[PDB]
Structures are given as structure tokens and as C-alpha cells.
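K.L.:
Before I ask anything, let me first share the structure, which is written out below as C-alpha cells.
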Amino acid sequence: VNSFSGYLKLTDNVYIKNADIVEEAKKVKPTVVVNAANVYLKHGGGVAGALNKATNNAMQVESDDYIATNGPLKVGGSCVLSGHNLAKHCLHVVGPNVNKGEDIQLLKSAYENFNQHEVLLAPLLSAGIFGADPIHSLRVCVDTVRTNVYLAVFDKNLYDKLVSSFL
Ligand SMILES: OC[C@H](C[C@H]1CCOC1)Nc1ncnc2[nH]ccc12
């Protein structure tokens, strides 16, 4: 039993809700919140901009030190950093950004990072400003993640389409 509330169950391990991931994290304080990161950990917009703003830019400060030491992530890769005031940990995961021409096949690799954590609060990878089809992203999530994932979908209209179109 965990403290996630109001989710629709899609499969044995995937749950979904129309919610703002920032507000969900502040309420639940999950062990792991997933950020929709880029390889430079430059948290400008979308989920990343929102999570960082909620940390008063502490996420960006920590991320800049991480990059200075380690260099950029790979598309499809991840790193674990602090969750600041939102969660114990933040798993920064880089899905492919279709608006950069990146290979959508890398979306499965991106979701594989979730399997290293027993329970996660997460967005749909490569959705929103990353330019991928969210229905496809949800499909890849369900077919790749085996650990317990609680998906927050910001847009109510998209959420309803995701639920009603889910196979
Ligand atoms: O893939 C990133 C998704 C895409 C959007 C497009 C419409 O709904 C989902 N973004 C987010 N999902 C959940 N919480 C969020 N808070 C701020 C941004 C955000």
C-alpha cells in the first residue's frame, strides 16, 4: 500500500491520473519523481521547467554541477539526483525529442530506466514539448516498465483521450 490517490489502474503495474506532477509530488513526496530531462539538464520548460521552478532553482544548481563533473547524459539515459522539496530522489530521464530529429526508438530505452526503481511518479516521456505522440508513449511505458509507475498527465483532454483509447 502507498499514498497515491485517485489513479485509474491500467495494468498490473501502471496507473494514470489527470494531474500536475509538481502538485502531486508536493502532496505525495514520493521516493522517486521522474523529470523529463534533456542531455544538458537544462530545465527550461515543460515538466523540467516546472519541477525546477518548484525547487526555487536548486534543481538547476545541482544539475549544473553534475554536468560540469560528468558531461551530458545520453538520449535514452538517466541520472539520479536529489528530489529537493518534491521527493526523496529525482530520476532525470532523457526521452528522444522529436523536435530535434531524435530516434523515437530510443523511447523504450528511456523507459527502461524506470525498472531500476520499485515505485515512481512520472510523466509520459517524450510527450508535450518533446513532440512525440502521447498515445504511443503510454503504450511504450506499459510494454516496458515492470515496476510500479504512477503517471501524471497534465492535460485533461489528453488524459481522457489516453484512457478512452487505451488497449
Ligand atoms: O511529457 C511531458 C508532459 C506533457 C503534457 C502535455 C499535456 O499533458 C501532459 N508534461 C507534464 N505532465 C505532467 N505534469 C506536468 N507539469 C508540467 C508539465 C507537465
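Any read-out appearing in this document is the output of simple, stated calculations on the displayed coordinates, not a laboratory observation. Neighbour counts run over all protein chains shown; Cβ positions are idealised from the backbone, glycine included.
K.L.:
Residues that are away from the ligand (no atom under 15 Å from the Cβ) and in contact with a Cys (Cβ under 9 Å, 6 or more places away or on another chain): does region 86-107 have at least one?
P.N.:
no
K.L.:
Let me ask another. Being within 14 Å of the ligand (Cβ to nearest atom), under 21 Å from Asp64 (Cα atoms) and either surrounded by fewer than 22 Cβ atoms within 10 Å (Cβ to Cβ) or of a type in the set (A, V, I, L, M, F, W, C) (or both) is the filter here; which residues of region 23-49 pass it? Explain how you work it out, then say what you get.
P.N.:
If we filter region 23-49 for residues that are within 14 Å of the ligand (Cβ to nearest atom), which is where we start, we get 23-28, 30, 33-38, 43-49.
Still in the running and under 21 Å from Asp64 (Cα atoms): 33-38, 43-49.
Residues satisfying the conditions are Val33, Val34, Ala36, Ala37, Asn38, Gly44, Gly45, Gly46, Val47, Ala48, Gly49.
K.L.:
Yes or no: region 45-61 includes at least one residue that is farther than 26 Å from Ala132 by Cα and touching a strand residue (DSSP E or B) at 6+ places or on another chain (Cβ under 6 Å).
P.N.:
Filtering region 45-61 down to residues farther than 26 Å from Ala132 by Cα leaves 55-58, 61.
From what is left, the residues that are touching a strand residue (DSSP E or B) at 6+ places or on another chain (Cβ under 6 Å) are none.
The answer is no; no qualifying residue exists.
K.L.:
Right, next: Hey, does region 60-72 have a residue that's under 17 Å from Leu151 (Cβ atoms) and surrounded by 14 or more Cβ atoms within 10 Å (Cβ to Cβ)? Show your work before the answer.
P.N.:
Of the residues in region 60-72, the ones under 17 Å from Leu151 (Cβ atoms) are none.
There is no residue in region 60-72 that is under 17 Å from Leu151 (Cβ atoms) and surrounded by 14 or more Cβ atoms within 10 Å (Cβ to Cβ).
K.L.:
Touching a residue at least 40 places away in the same chain (Cβ under 8 Å) and small (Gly, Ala, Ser) - does that describe any residue in region 90-109? Step through it out loud before you land on a result.
P.N.:
Of region 90-109, the ones touching a residue at least 40 places away in the same chain (Cβ under 8 Å) are 90-95, 97.
Now narrow it down to the ones that are small (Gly, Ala, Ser): 95.
Within region 90-109, one or more residues are touching a residue at least 40 places away in the same chain (Cβ under 8 Å) and small (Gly, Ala, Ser).
K.L.:
To continue, here is another question. What do you reckon, is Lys53 within 16 Å of the ligand (Cβ to nearest atom) and loosely packed, with under 15 Cβ neighbours inside 10 Å?
P.N.:
Details: within 16 Å of the ligand (Cβ to nearest atom): yes; loosely packed, with under 15 Cβ neighbours inside 10 Å: yes.
So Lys53 fits the description; yes.
K.L.:
In region 1-22, how many residues are within 11 Å of the ligand (Cβ to nearest atom) and either of a type outside the set (A, V, I, L, M, F, W, C) or more than 23 Å from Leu167 (Cβ to Cβ) (or both)?
P.N.:
5
K.L.:
Still on this structure, please answer the following. Only one of these is under 21 Å from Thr147 (Cα atoms) and either in contact with a strand residue (DSSP E or B) (Cβ under 7 Å, 6 or more places away or on another chain) or among the β-branched types (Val, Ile, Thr) (or both): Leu125, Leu106. Name it.
P.N.:
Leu125
K.L.:
Next question. Kindly provide the set of residues from region 147-162 that are under 15 Å from the mean Cα position of the chain (by Cα) and either within 12 Å of the ligand (Cβ to nearest atom) or assigned to a loop (DSSP other than H, G, I, E, B) (or both), ordered by number.
P.N.:
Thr147, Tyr150, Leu151, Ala152, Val153, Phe154, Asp155
K.L.:
For the structure I just gave you, tell me whether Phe114 is touching a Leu at 6+ places or on another chain (Cβ under 7 Å), aromatic (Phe, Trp, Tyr) and in a helix (DSSP H, G or I).
P.N.:
Working: touching a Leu at 6+ places or on another chain (Cβ under 7 Å): yes; aromatic (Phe, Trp, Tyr): yes; in a helix (DSSP H, G or I): yes.
It is true that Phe114 is touching a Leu at 6+ places or on another chain (Cβ under 7 Å), aromatic (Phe, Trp, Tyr) and in a helix (DSSP H, G or I).
K.L.:
For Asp143, all conditions in the list (1) under 21 Å from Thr11 (Cβ atoms); (2) in contact (Cβ under 8 Å) with a residue 40 or more places away in the chain; (3) more than 16 Å from the ligand (Cβ to nearest atom) hold save one; what is the number of the exception?
P.N.:
(2)
K.L.:
Let me ask another. Provide a single number: the residues in region 122-133 that are in contact with a helix residue (DSSP H, G or I) (Cβ under 6 Å, 6 or more places away or on another chain) and either without any contact (Cβ under 8 Å) to a residue 40 or more places away in the chain or assigned to a loop (DSSP other than H, G, I, E, B) (or both). Please lay out each step first, then the result.
P.N.:
So the first thing to find is which residues in region 122-133 are in contact with a helix residue (DSSP H, G or I) (Cβ under 6 Å, 6 or more places away or on another chain), and the list is 123-129, 131-132.
This time we only want the ones that are either without any contact (Cβ under 8 Å) to a residue 40 or more places away in the chain or assigned to a loop (DSSP other than H, G, I, E, B) (or both), so: 123-127, 131-132.
Total meeting the criteria: 7.
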